[PDB]
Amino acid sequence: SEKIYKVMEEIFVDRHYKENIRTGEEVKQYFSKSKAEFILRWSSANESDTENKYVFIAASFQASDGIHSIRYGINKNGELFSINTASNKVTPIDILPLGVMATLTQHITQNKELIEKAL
């Protein structure tokens, strides 16, 4: 019943998580100077819609055509999901052996790879 807090702990202590980056403007400003492969941040969906079934975390990264983001959700029992932001349908993500950040890193960087190869 408390596994959500352990998943949040794993995300929020990681250096990729940027607690002071909230708006789209701040994301653009961040990647103006940063060479980081991706960031994690507090998603807009937390204050936006739904009625408290997930805690929402967004990833952001930059390719040659601009900034791309991915929305993730954690449910009350600690399960991870990728979230389609246009339909809000969820898709479960199984945690890789080395843990949650190891999982998100693979989901984000492989997705960035698909984007870059299509450009």
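Numbering starts at 1 and runs along the sequence shown.
Participant: For the stretches 12-20 and 94-102, which has the higher mean C-alpha B-factor as given in the deposited record?
Facilitator: According to the PDB entry, the answer is 94-102.
Participant: Mean C-alpha B factor from the entry: is it higher for 57-65 or for 42-50?
Facilitator: Between 42-50 and 57-65, it is 42-50 that shows the higher mean C-alpha B-factor.
Participant: Thinking about Cα B factors across the chain, which third does residue 85 belong to?
Facilitator: Highest third, going by the recorded CA B-factors of the chain.
Participant: Sorting the chain's CA B-factors, does residue 28 end up in the lowest, middle or highest third?
Facilitator: Lowest third.
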